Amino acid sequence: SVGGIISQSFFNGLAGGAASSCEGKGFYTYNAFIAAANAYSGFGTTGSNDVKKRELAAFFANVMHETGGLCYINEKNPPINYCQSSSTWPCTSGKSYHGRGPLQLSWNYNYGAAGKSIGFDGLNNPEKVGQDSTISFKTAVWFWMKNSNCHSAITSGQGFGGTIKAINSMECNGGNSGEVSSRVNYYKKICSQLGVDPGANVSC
């Protein structure tokens, strides 16, 4: 039912701000988003209309922050391969687990787990997150619903600031006021476009 709250028009509004030279332009598509949203039960379909709108705005505010307004597929100039040696999720030599996709999925352990849920080889083909639009959006919905407290926070009254806490703990309590302001700015803009009150606990 997410397509009922988030129209093609709304999405193109978000996506169309990107410079035409951005890798994300034409990669982040409404079709991929709706496919991803429908694959995870409860995503933007939990609670009253205002609850669903606030979850979706919170999702998109965080996506807009992480991707520079749906501009980037790949993390800019990643400093490392994002390999933590692991017996569960072994790194593949010559592969990089740097941020890819709408919520910048990073690290071998996250790619492995995401791959198992979605249906691709996260350790051996992490580049799929930057090459298939549907897989890319699925990693972000998977992370939101299954690999973080984001969904639980925004559906238990912890508010948008609860989602920031769930994504990047270090930004909160003055850790990085500018990063928080960036996220919060997107959330407020998106709520106003969806005609929903932003609610309580907006920052952190």
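The first residue of the shown sequence is 1; numbering continues from there.
- The stretch with the higher mean CA B factor, choosing between 26 to 34 and 165 to 173, is 165 to 173.
- The mean Cα B-factor in the deposited entry runs higher for 124 to 132 than for the other of 97 to 105 and 124 to 132.
- Among the modelled residues of the chain, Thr155 sits in the highest third by CA temperature factor in this PDB entry.
- Per the deposited record, the Cα B-factor of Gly115 falls in the lowest third when ranked against the other modelled residues of its chain.
- Among the modelled residues of the chain, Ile73 sits in the lowest third by CA temperature factor in this PDB entry.
- For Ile190, the recorded CA temperature factor ranks within the middle third of the chain's modelled residues.
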